[PDB]
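Let me begin by presenting the structure, written as C-alpha cells, before commenting on it.
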12 protein chains.
Amino acid sequence: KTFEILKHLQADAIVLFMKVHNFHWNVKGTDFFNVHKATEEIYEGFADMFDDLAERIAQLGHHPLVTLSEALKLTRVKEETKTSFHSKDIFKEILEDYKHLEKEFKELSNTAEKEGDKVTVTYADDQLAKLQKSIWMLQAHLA
Amino acid sequence: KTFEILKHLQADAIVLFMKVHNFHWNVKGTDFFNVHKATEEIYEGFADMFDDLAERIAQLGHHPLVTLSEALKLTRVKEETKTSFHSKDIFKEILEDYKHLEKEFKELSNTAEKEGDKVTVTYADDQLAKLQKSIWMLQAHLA
Amino acid sequence: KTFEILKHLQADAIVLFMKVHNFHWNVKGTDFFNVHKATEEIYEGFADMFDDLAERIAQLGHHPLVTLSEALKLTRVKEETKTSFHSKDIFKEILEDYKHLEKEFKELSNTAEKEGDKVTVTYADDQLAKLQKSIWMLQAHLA
Amino acid sequence: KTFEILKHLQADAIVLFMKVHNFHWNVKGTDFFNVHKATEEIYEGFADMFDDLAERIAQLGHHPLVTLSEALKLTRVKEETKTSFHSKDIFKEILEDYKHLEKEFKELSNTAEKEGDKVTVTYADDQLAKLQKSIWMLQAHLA
Amino acid sequence: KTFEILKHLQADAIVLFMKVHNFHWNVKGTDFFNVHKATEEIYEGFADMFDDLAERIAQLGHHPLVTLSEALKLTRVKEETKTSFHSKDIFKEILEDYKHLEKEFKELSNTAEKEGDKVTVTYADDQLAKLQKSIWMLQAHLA
Amino acid sequence: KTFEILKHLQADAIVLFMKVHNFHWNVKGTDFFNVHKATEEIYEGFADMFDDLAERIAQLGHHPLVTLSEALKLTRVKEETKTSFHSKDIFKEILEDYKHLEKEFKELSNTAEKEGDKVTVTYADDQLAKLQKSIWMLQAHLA
Amino acid sequence: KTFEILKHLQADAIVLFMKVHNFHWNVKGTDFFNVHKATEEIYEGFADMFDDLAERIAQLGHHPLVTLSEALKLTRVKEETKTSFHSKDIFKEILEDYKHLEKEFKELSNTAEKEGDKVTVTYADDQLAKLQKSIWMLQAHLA
Amino acid sequence: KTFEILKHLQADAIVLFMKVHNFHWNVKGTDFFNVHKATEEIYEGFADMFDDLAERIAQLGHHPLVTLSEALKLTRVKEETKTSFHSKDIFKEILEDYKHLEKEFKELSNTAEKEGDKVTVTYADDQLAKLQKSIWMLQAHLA
Amino acid sequence: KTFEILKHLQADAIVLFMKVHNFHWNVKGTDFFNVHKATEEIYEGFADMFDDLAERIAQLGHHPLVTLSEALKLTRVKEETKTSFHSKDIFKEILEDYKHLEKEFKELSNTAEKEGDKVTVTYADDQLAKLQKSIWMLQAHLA
Amino acid sequence: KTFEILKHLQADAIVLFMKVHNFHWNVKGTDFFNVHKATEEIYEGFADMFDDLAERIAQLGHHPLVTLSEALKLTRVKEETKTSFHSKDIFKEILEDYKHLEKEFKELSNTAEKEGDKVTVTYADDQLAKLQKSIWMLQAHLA
Amino acid sequence: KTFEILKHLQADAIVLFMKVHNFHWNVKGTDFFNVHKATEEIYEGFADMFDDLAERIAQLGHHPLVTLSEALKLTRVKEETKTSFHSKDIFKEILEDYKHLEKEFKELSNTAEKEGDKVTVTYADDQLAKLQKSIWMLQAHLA
Amino acid sequence: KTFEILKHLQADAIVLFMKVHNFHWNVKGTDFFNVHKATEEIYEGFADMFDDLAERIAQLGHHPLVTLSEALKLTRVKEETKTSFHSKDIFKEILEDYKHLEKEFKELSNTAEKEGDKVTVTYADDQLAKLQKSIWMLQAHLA
C-alpha cells in the first residue's frame with residue numbers, strides 16, 4: 001500500500017528535521033559555517049518533504065500523522081543523542097539516513113506503479129533524483 | 001533558571017510546529033485558503049523560534065534538546081489528535097497556546113533580568129510583542 | 001469653482017483616512033485578515049488622494065487645507081464613533097462613502113470641463129474609474 | 001490515440017478559461033476577494049494548459065484546434081449561463097470539472113504509454129499532480 | 001448604448017484571443033521566434049481587454065457575456081481556419097482586425113460621451129492610443 | 001497609566017501627519033526637493049506611528065481614538081496655519097515637535113516599566129532611538 | 001492642424017534636451033548634486049517626449065522631423081549660450097520654457113479635440129498634468 | 001547499459017557546445033541578432049546538459065569523460081568546419097543534431113527502464129520534452 | 001589637441017542620436033521590431049556618449065558644446081533626410097558612421113597619449129572596443 | 001559615564017576594522033575563501049559599529065573621535081603585526097577581541113541604565129546579542 | 001617602485017576613510033542630508049580603495065600595511081581635528097585631498113609603466129578617471 | 001601576431017573549460033562544496049573567455065577555431081586524465097595553468113601594443129588583472 005509507505009516516510013521526514021538541527025547546532029571545527037549553512041538547507045528540505053508527504057496522504061483520502069508521538073512510533077530513523085560532531089561525523093550520519101530514504105522512495109515508486117498511482121510515482125522519482133545526487137556528493141565528502 | 005525556561009519553550013515550539021501543520025492540512029470550509037496560508041506562516045514562525053531558542057541555549061553554555069523524545073517529555077502543549085476543523089476551532093486552539101507561550105516569555109524576561117542576562121531579556125520581550133499582537137488579532141477572529 | 005470641489009474632497013480624503021483605520025483596527029470575525037489587509041490598502045489610497053488633491057489645489061494657485069480643524073469643518077463625511085464591526089458592516093459603510101465620493105468626482109469633472117481645466121478633468125475621471133470599479137466590487141460583497 | 005485525447009482536452013481548457021471568468025466576475029458574498037483572486041489564478045492556469053496542449057498536438061505532427069467553434073464542438077464541459085454565485089457554488093462547479101479533467105489526464109497518460117509517447121505521459125502526470133492537489137483542497141472548501 | 005458596444009467588443013476580444021494563438025502556433029519561416037514572441041504578447045493583451053470590458057459591463061449594472069457561444073453569436077471577427085502562415089500573412093490579418101477594433105473604440109468613446117459616461121470614454125481613448133500605435137507599426141511591417 | 005500616554009501620542013501622530021504635509025506642500029527655496037522628499041518620509045513615519053500606537057492600545061484591551069475630533073481634543077501639538085516656509089523654518093518646527101515627542105516616549109517607557117509592560121517599554125525605547133537620532137540631525141540643520 | 005502643433009513641439013523637445021544638458025554640466029554652487037540629478041531626469045523626460053511626439057506624428061500619417069537642422073528651423077526655444085549658472089538661474093530658465101510648453105500642449109489639446117483626435121487629446125492632457133505639477137514646484141524653488 | 005548511453009551523450013553535448021558557438025559567431029544576414037541570441041541560449045543549454053550527464057554518470061558509480069580527447073572519440077556528432085552561414089543553414093544543422101539527440105534520449109529512457117533506473121528515465125524524458133518542443137519549432141523555421 | 005577631438009566627437013554623438021531615431025521610426029519590413037529595438041539601444045548609447053564626452057571636456061577645463069547650432073557646425077556626420085528604409089539600408093548607414101567614429105577614437109587615443117592624458121586614453125580605448133565589436137556584427141548583417 | 005564607554009568602543013571598532021582586514025588579506029590554507037568571505041562581513045560590521053557609536057556620541061551632545069591618532073590613544077585592542085595566519089589562528093584572535101567587546105557592551109548597558117539612557121541600553125543589548133551569538137560560533141570553530 | 005607608491009596610497013585611503021567620517025558626522029547647515037549622504041558614499045569608496053590597494057600589494061609579493069600605526073606613519077594626509085563644518089568647508093577639504101590623490105595615481109601609472117606592470121597601470125588609470133571626474137564636480141560646488 | 005596569440009588562448013580556454021569540470025565533479029574531502037562551487041565559477045569564466053577571444057579574433061578579420069579538434073591541436077594545456085583529487089591537488093593544478101595563461105596574456109598585451117591594437121591590449125590587461133588576483137589567492141590556498 002502506497003499510503004503505508006508515505007505515512008512512514010512522513011515520520012522519518014520530521015524525525016530527520018530534528019536530527020539535522022542537532023548537526024546544525026553542534027558541529028565543531030574550522031568547518032563550522034559550511035556545515036551550519038548546509039544543514040540549514042537540508043532541514044528546510046525535510047520540513048518541505050514532511051508537508052508534501054502529508055498532503056499527498058490527504059489527497060489519497062487518508063489522514064497524515066499529526067503528532068510527534070505518531071512520528072516516533074512510525075519512524076525508522078534512530079534519533080541522535082550526541083551533542084558534538086566534526087564535519088566527517090555529520091556527513092556519515094546524513095549519508096546513512098539518505099540511503100535509507102533512497103530505498104524507501106524506490107519502494108514508494110514501485111508500489112504506486114502497481115496500484116496505478118501516477119502522481120505518487122512522479123513524486124517518488126523526483127525525490128529519488130534529489131537523494132541520489134546528494135548521496136553521490138556525500139560519499140565524496142568522506143573519501 | 002533561564003536555561004530551564006528556554007529548554008521548555010524549545011519543546012513547545014517544535015510541538016507547535018507539528019500542531020499547526022495539522023491545522024494547515026485539515027481546515028474545512030470556504031475559508032480554506034486564508035487559514036491554510038496563515039497556518040503556513042505560523043509554523044514557519046515556530047521552526048524559527050525553535051532554532052533561535054536552541055541556539056540561545058547553546059550560547060548560554062548548555063545543550064539544547066536534540067530529539068522529539070525530549071520534546072515530548074518537556075512540552076506543556078497537548079498534541080492535537082483531531083483531523084478536521086473549521087476556521088473558528090483552529091483560531092481558538094492557536095489562541096490558547098499563544099496565551100500559554102505569552103506567560104512563558106513573560107517569565108523568561110523576568111527570570112533573565114534577575115540573572116542579569118540582557119540578551120535573553122531582549123529576545124523574550126521581542127517574542128512577547130509578537131505574541132501579544134497576534135493574541136489581539138486572534139481574539140478578534142473569534143468575536 | 002473647481003477649487004471649491006477639490007478643497008472639500010481634500011477634507012473627505014483625510015476624514016476617510018481616519019475612518020478606514022477604525023475599520024482596520026476594529027473588524028471582528030474569521031474574516032479579520034481579509035478586511036484588515038483590504039482596509040490597509042484603502043487608507044493608503046486615501047493618504048494618496050489627500051496629497052494629490054492638495055497639490056492640485058496648490059498647482060491652481062490656491063492654498064490646500066493644512067489642519068484637521070479645516071478638514072472637520074469642510075468634510076461631508078460623518079465620522080464613525082463605533083469601535084466594533086463585522087465584515088458586512090464595514091463594506092456597507094465604505095460603499096456609502098464611495099458613492100458620495102463618486103458623485104463629487106462626477107461634479108469635479110463637469111466643473112473643471114466648464115472652466116477649461118483639462119488636468120483636473122483627467123484626474124477626476126481617473127479617480128472616477130477607481131471608485132466605480134470598487135463600488136461594483138463592494139456591492140458584490142453585500143449580495 | 002493520444003492526439004484525440006489532447007484535442008478534446010484543448011477544447012475543455014478554453015471552455016474552462018471562459019467559465020472561470022464567469023465565476024471571477026460574478027461571485028457574491030463577503031468572500032468576494034478570495035474567490036476573485038483564486039479564479040484569476042485558475043483561468044490563467046487554463047490559458048496555460050490551452051497553449052501547452054495545442055503545442056504538444058503540433059509537436060505530434062497534427063493541427064491543434066484554432067477556433068472557438070471547434071472548441072464548442074469538441075468540448076465535454078457544459079457552459080455556465082448563470083451570472084450570480086456564492087463561494088460554495090463556484091467551488092462545487094470547479095470541483096466537478098476538475099474531476100472530469102482528472103479522468104481525462106488519467107486516460108491521456110495510459111494511452112500515451114501504450115503508444116510509447118514518453119513526453120505526453122510526463123505532461124499528463126504533471127497535470128494530474130496539479131489536479132489531484134486542487135481536488136483535495138476543493139473538497140475541503142465544501143466540507 | 002455604451003453597453004451594446006462593450007458587449008460586442010468583449011466578444012471580439014475572446015475571439016481574437018483564440019485567433020492570435022493560431023498565428024502563435026502556426027507561423028512558418030526563419031521569422032518564427034519574433035512572431036511567436038509578439039503574438040504571445042498580443043493574445044495576453046486580448047485576455048486583458050476581455051476581462052476589463054467584462055468588468056466595465058458589470059460596473060454599468062449589466063451582465064457581461066459568460067459563454068463562448070455568446071462570443072460567437074456577438075462577434076464581428078471572422079475566425080481563421082488556416083493553420084499555416086508566413087510573418088507577412090499574420091501581420092496583415094492582425095492589422096485588419098485592429099482597424100476594426102479601432103473603429104469600434106472610436107464609436108465607444110463617442111457613444112459614452114453622449115451618455116455622460118466619463119469612465120468608459122477614458123477606457124476607450126486609452127485602448128485607442130494602443131491600437132493606433134500598433135496599427136502604425138503593423139503597417140510598417142508590410143511596407 | 002500606559003493607556004493614557006499612548007492615546008495622547010496617537011493623537012499627536014495624526015496631527016503631525018497633517019502638519020508635515022503642510023511643510024511638504026508649502027516649502028519655498030532652491031531647497032524644495034530635499035525638504036519635499038524628507039517631509040514625505042516623515043509623514044509616512046507618522047502614519048506608521050499612528051497605526052502602531054492604535055494597535056498597541058487595542059492589544060492592551062482598550063479602544064484607540066477613531067476620529068479626527070478625538071485627535072484634536074487629545075493632542076498637545078498646535079496645528080500650523082501658515083502656508084509658506086523656508087527650509088530653516090520647517091526644520092525648527094519639526095525639531096520642536098520631536099522634542100515634545102521625545103519627552104512623551106521617555107514617560108511612556110518609565111510608566112510601562114512601573115506597570116510591568118515589557119512590550120510597550122520596548123516600543124517606546126525604539127521610538128526614542130529614532131527621535132533622538134533625528135533630533136541630533138535636525139539641530140545640525142539649524143547650526 | 002494637430003500635425004503642425006506636434007511637429008513644433010517635437011523641435012522644442014530636442015532643443016530642450018540639449019539645453020537641459022547645458023544646465024546639467026554647468027551648474028555652480030553647493031547645490032551641484034541636486035540640480036545635476038534633477039536636470040538628468042528632465043533631459044531624459046525630453047528624450048522621451050521627443051520620441052513620443054515623433055511616433056504620434058508618424059501614427060497620424062505624416063513624417064516627423066529627422067534632423068537637428070529641421071529642429072532648429074521649427075523650434076520656438078532660444079538656445080542657451082551661457083556656460084555657468086547657479087541653481088536659481090537654471091530653475092528660472094526651465095520655468096520659462098515649461099510655461100511655453102504648457103501653452104503649446106493646451107493648444108494641442110484644443111486643436112486635436114476640434115479635429116476629433118481623441119488619442120492626441122489624451123497625450124496632450126497627460127503632458128499638461130506633468131508640466132503644471134512641475135511649474136508649481138519650479139515656482140516654489142524661486143520664492 | 002545506461003552508462004554507455006550517458007557517456008556517449010556527454011560527448012555529444014560538449015561537441016555541440018562547440019558547434020553552436022560556431023553558428024553563434026558566424027551567422028550572416030539581417031537575421032544576425034535573433035540567431036546570435038538563440039544560439040547563445042542553446043550552447044548554454046548544452047553546457048548544462050554536459051554537466052548533468054556527467055554527474056548522473058558519477059551518481060551511477062562510474063567515471064564521466066574528462067577530456068576533449070575522449071569527447072572526440074565517443075561523439076556521434078560530426079564537427080562543423082565551415083565558418084559562414086545564413087539563418088536557414090544554422091537551423092537545418094541544429095535540427096539534424098536534435099533529431100539525433102532525440103533518438104538517443106528515447107533509447108536512454110527505454111534502457112534505464114529495463115535496468116530499473118527511475119532517476120535516469122526521468123532525466124531522459126525531461127530532455128525528450130525539451131528536444132521535441134525545439135524540433136517542432138525548428139521545423140517551422142524551415143517551412 | 002585632445003579637446004579638439006572630443007568637441008568634434010561630442011557633435012557627432014548628438015547628430016547620431018538624432019539620425020538613429022530616424023532609423024528607429026522609419027524602418028520598413030517584417031524586420032520592424034528587431035531594428036526598432038536595436039536602434040533604441042543605439043540612440044541611448046549616443047545620448048550616453050554625448051554626456052560623457054561633454055563632461056570629459058569639462059574635466060579638462062574647457063567648455064563642451066551646449067547648442068544644436070554648435071553641433072551642426074562641428075559635426076562630420078551628414079544628416080539623413082530620407083524617411084523610409086529597410087533593415088539592410090539602416091545597417092549600412094550605421095556601419096559607415098561607426099567606421100568614422102572608430103577612426104576618431106583611434107586618433108583620440110593616440111593624441112591623448114602624446115599629451116599624457118591617461119584618462120582620455122582609457123575612455124577612447126573603451127569606446128573603441130565597443131565600436132569594433134559592433135562593426136564586426138554590423139558587417140555580418142550585410143553579408 | 002556612558003560617553004566614556006562609547007568613545008573607547010568607537011576606538012576599538014576602527015582598530016578592529018583594520019585588524020580584520022589583516023586576517024582578510026593574510027589567511028593561508030585550503031580554507032582561504034571561507035575565512036576571506038567571513039572576515040569581509042566582520043570588517044563591514046565594524047565599519048558599521050564605528051559609525052553608529054560615533055553618531056550615538058554626537059546624539060549625546062559630545063564629540064566622537066575623528067582621528068586614527070585618537071583611535072590609537074583610546075583603544076584597548078592590541079594591533080596585529082603578523083602577516084600570515086591559518087584559519088584556527090584568525091578565529092582565536094577574533095574570539096579574544098569579541099570577548100573584550102562583550103564585556104564592554106555589558107558595562108555600556110549597565111552604565112547607561114544607571115544614567116537613565118534607554119536608547120544606549122537598547123543599542124548595547126543588541127550589540128551584546130550579536131557578540132554572544134558570534135562568540136558561541138567562534139568557540140565551535142576551535143573545538 | 002610601484003610597491004612604494006601603493007603602500008603610501010594605502011595609508012592615505014584609511015586616513016581619508018576616517019577624515020570623511022568626521023565630515024559625515026559634523027556637517028552643519030540646511031545642507032546636512034546632501035553632504036551626509038555624499039560623504040557616506042565617499043568613505044565607502046575609500047574603504048574600497050584601501051582593500052584594493054592592499055590586495056594589489058599582496059599580489060605583487062609584498063606585505064600591505066596592517067596597522068593604523070603604519071597608516072599614520074606612511075600617510076601624507078593631515079588628519080582633521082575640527083568637529084564642525086559647513087558644506088563649503090567640507091567640499092574644499094575633500095578637493096585638496098583628491099588633488100593630492102590624483103598626483104599620486106598619476107605617478108603610480110607612470111612608475112608601473114616603467115616597471116612593465118600593466119595591471120597596476122590599469123588600476124591607477126581607472127582611479128584617475130574617478131578622481132578627475134570628482135575633482136571637476138567638487139570645483140563646481142565651490143564656484 | 002596578435003591573431004596567433006588569441007587563437008592559441010582560445011584553444012586553452014575550451015581545454016580548461018573541460019579540465020575544471022573534471023575538478024568540479026571529482027573533488028574529494030569535507031571540502032567538497034567549496035571546491036565544487038569555486039570550480040563552477042571558474043569554468044563559467046572560461047566559457048566566457050572562450051567566447052570573447054573568438055569574437056575578438058572575428059573582429060580582427062580572421063576565423064576563430066570552431067572545432068574541439070582544432071582546440072586539441074593548438075592548446076598548450078595538458079588534459080587531466082585523473083578522476084579523483086583533494087582540494088590541495090585541484091588548487092595546485094589550476095595555479096599552474098593560470099601562471100601559463102598569465103604569461104600568455106602578458107605577451108598578448110605586448111604584441112598588440114606593437115601592432116597598435118588598443119582594443120586587444122585593453123582586453124589582455126583586464127584578463128591579466130583577473131589572473132594575477134586569482135594567482136595570489138591560489139598561492140594562499142597552498143601555503
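Both backbone and side-chain heavy atoms feed into the values below; hydrogens, waters and symmetry mates do not. Residue numbering restarts at 1 for every chain, and letters A, B, ... go by the order of the sequence lines.
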* To do: Please work out whether the ring planes of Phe3(H) and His62(H) are parallel, tilted or perpendicular, with thresholds of 30° and 60°.
  =>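 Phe3(H) vs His62(H) ring planes: parallel.
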
* Classify the angle between the aromatic ring planes of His24(L) and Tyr43(L) as parallel (below 30°), tilted (30 to 60°) or perpendicular (above 60°). =>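 Geometry flag for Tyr43(L) against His24(L): perpendicular rings.
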
Got a donor-acceptor contact below 3.5 angstrom from the [X] side chain to the [Y] backbone?
| X | Y | value |
| --- | --- | --- |
| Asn22(L) | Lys82(L) | yes |
| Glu102(L) | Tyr98(L) | no |
| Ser134(H) | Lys130(H) | yes |
| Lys88(I) | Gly29(H) | no |
| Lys19(H) | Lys78(H) | yes |
| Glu115(L) | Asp117(L) | no |

* Where at least one partner belongs to residues 116-139 of chain H, residue pairs that pass ring pair (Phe, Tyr, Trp, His ring centres under 6.0 Å), sequence neighbours excluded ->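 Qualifying pairs, neighbours excluded: none.
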
Are any non-hydrogen side-chain atoms of [X] and [Y] less than 4.5 angstrom apart?
| X | Y | answer |
| --- | --- | --- |
| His86(E) | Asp31(E) | no |
| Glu79(L) | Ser69(H) | yes |
| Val77(L) | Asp97(L) | yes |

* To do: Take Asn26(H) and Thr83(H) through the side chain to side chain donor-acceptor pair (under 3.5 Å) test and state the conclusion after the steps.
  => CA-CA 6 Å; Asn26(H) 296 316; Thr83(H) 51; 5.3 Å; no

* Using the benzene-type ring in the case of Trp, are the ring centres of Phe23(L) and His36(L) under 6.0 Å apart? ->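 That pair fails the under 6.0 Å test.
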
* Please check if the distance between the ring centroids of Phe50(H) and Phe17(H) is under 6.0 Å. =>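 Ring centres of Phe17(H) and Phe50(H) not closer than 6.0 Å.
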
* Do other residues, nucleotides or ligands put more than 12 heavy atoms under 6.0 Å from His63(L) NE2? ->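 Open.
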
* Heavy-atom count around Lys28(E) NZ within 6.0 Å, excluding the residue itself: above 12? ->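 Count over threshold, so yes.
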
* Asked: With the threshold set at 4.0 Å, does a side-chain nitrogen-carboxylate oxygen contact exist between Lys103(L) and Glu107(L)?
  ->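 The answer is no: the pair does not qualify as a salt bridge.
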
* Using the test salt bridge (charged side-chain N to carboxylate O under 4.0 Å, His left out), find all partners of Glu93(L) that sit at least two apart in sequence or belong to another chain. =>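 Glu93(L) satisfies salt bridge (charged side-chain N to carboxylate O under 4.0 Å, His left out) with no residue once adjacent residues are dropped.
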
* Asked: If every non-hydrogen atom of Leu60(H) is compared with every non-hydrogen atom of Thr2(H), which pair is closest and at what distance?
  ->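 Looking at all heavy atoms of both residues, the shortest contact is CD2-CG2, 4.3 Å.
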
